[PDB]
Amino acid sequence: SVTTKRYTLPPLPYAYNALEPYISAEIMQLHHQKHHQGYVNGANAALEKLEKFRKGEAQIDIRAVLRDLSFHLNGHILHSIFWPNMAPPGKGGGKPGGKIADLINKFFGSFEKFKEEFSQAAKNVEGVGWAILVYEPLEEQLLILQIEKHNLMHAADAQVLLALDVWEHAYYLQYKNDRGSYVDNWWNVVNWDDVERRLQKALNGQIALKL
């Protein structure tokens, strides 16, 4: 009668040390195996409370549980995008070509200016959060957003094409307090094929999470 779909941790698209020297192998493991894994569990934990409520098996503090859901569900959605959003230098890094390159110049004027806006947004996230590029469906335009925690300030219905995680656990062991150096080096592992992939879908008015 009542059914909820559960989440699972996606395997990384590469080896934990594949992004070195930009992101340490130890961070990659902790980030993937501990942090991302925790969001998957948190999402299911909240979903199970909701199912128990829906089955009439228990009451519920809907505000608390839905806050839990949003936080965890987003941590998971964003980390799922983050991993394939990167790749070993070669497949990753460099300048973008294709539609993503076109649209970037169109809305930002140049790749460099796009990097400035995105990198500055990432470096200036207050507390933990992300810097992301989304395709805005309503008026069809690229927009860079700052995200606090994992769920604050997303554009309703918008599709995340590229995300940069600036939660301290995403860089501290390697870069320490120097988030800025992390943000700058990260450009060396960005997978534009992945981003172009998602842009291809969003451009057609599609959701661009899978593939």
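Numbering starts at 1 and runs along the sequence shown.
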{"property": "Average Cα temperature factor in the PDB entry - higher stretch of 105 to 113, 129 to 137", "result": "105 to 113"}
{"property": "Between the two ranges 55 to 63 and 174 to 182, the one averaging a larger CA B factor in the entry", "result": "55 to 63"}
{"property": "Top residue by Cα temperature factor, when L152, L162, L50, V166 are compared in the entry", "result": "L50"}
{"property": "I81, C-alpha B-factor rank within chain (lowest, middle or highest third)", "result": "middle"}
